[PDB]
């Protein structure tokens, strides 16, 4: 028995155009799909079906085998509708790919048409191969839901037999957190792996990083100026930040290189601001009824800074990401990684993907991101122009 599902009132199925793919990735799919066809998970469709959703293939480099990924973002948005602060604190959380479970469940006939997608051909030599789902599609919002029941059961055992652990599900991913030192955590997981079969993350380390002010032995007109600007901007967050004494040391038309001693008051004003900046600003609270936002700036040399916030100047969390182990000189690589990492934390903390604001040109992102993606889900995003200001700050 399959539960009936409907599109929000008035809405119609996606008719998103398919992106062109690499040979490498095209083959992967015909393979993956002829298999799914045999097993009857999906089936070829007729021209009378006008809907479409983009598909492509990635590999969580947790394998060398290819995995099929469908971009239901559009569909999910057009689909009717129907979280623990725990892990948010846990010592360690591990993520599990349960996409599979869905393929065990059949999809309401009347709704299948909407899940249509297309395997393209090169140079257009041929028409693409069109299929539509017969089971619950991975990445579809409706799936985790409908599979809820079956899911809860399956878990319950490991649940109240390990209550000293938290288990959260987000789409095709299961987040499991415990305080058990690495030894028991890793084993308890494998213990859970087999349990499901029979059918590294660290939350607290994520704080709003501190704004640091530079310390010089000698200050030039330039130096002071640069410091006053940063401070000034910073006053938006901390209204207590004063810049008067410093603005004094600068009055007159001096040369930028000219060195300037700091008046004892300038000294104070400065020391006082350093203090204020020793803690995130007060009164910042996650508002469930508002969109989460993630913004990222390219600091260069491999670094990237970012902020999750809902309202301007009231950051919920901020961070930096640098390139570890693996000669990576490829921005796009880095940015996709960066975006995943971040979407991940959001999910953990609040269990919601953030709306991204990317420092890259549409064309560039579109042409290559897919090449580095390694997640069952896909957040929302828009492209922008980094104001040099916001950059020197988080730098």
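Positions refer to the first chain, counted from 1.
S.K.: Just how many deposited residues go unmodelled from residue 313 to residue 314: none, 1 to 3, 4 to 9, or 10 or more?
M.R.: Missing residues, residue 313 to residue 314: none.
S.K.: Which class fits the unmodelled deposited stretch between residue 199 and residue 200: none, 1 to 3, 4 to 9, or 10 or more?
M.R.: Missing in between: 10 or more residues.
S.K.: So, looking at the entry's B-factor column for Cα atoms, which has the higher mean, 124-132 or 232-240?
M.R.: That would be 232-240.
S.K.: On average, are the C-alpha B-factors higher in 34-42 or in 56-64?
M.R.: According to the PDB entry, the answer is 56-64.
S.K.: Among 73, 193, 113, 320, which residue carries the highest C-alpha B-factor recorded in the PDB entry?
M.R.: So the option with the highest C-alpha B-factor is 193.
S.K.: With respect to the C-alpha temperature factors reported in the PDB entry, which of 274, 77, 248, 185 ranks highest?
M.R.: That would be 185.
S.K.: Is the Cα B-factor recorded for residue 328 in the lowest, middle or highest third of its chain?
M.R.: Ranked within chain, residue 328 CA B lands in the highest tercile.
S.K.: Should residue 92 be placed in the lowest, middle or highest third of its chain by the C-alpha B factor in the entry?
M.R.: It belongs to the highest third of the chain when residues are ordered by C-alpha B-factor.
S.K.: Going by the entry, which third of its chain does the Cα temperature factor of residue 209 land in?
M.R.: Highest third of the chain for residue 209's C-alpha B-factor.
S.K.: Hey, what third does residue 108 fall into on Cα B-factor, ranked over its chain?
M.R.: Lowest third, going by the recorded CA B-factors of the chain.
S.K.: Rank-wise, by C-alpha B-factor, drop residue 307 into the lowest, middle or highest third of its chain.
M.R.: It falls in the bottom third of the chain.
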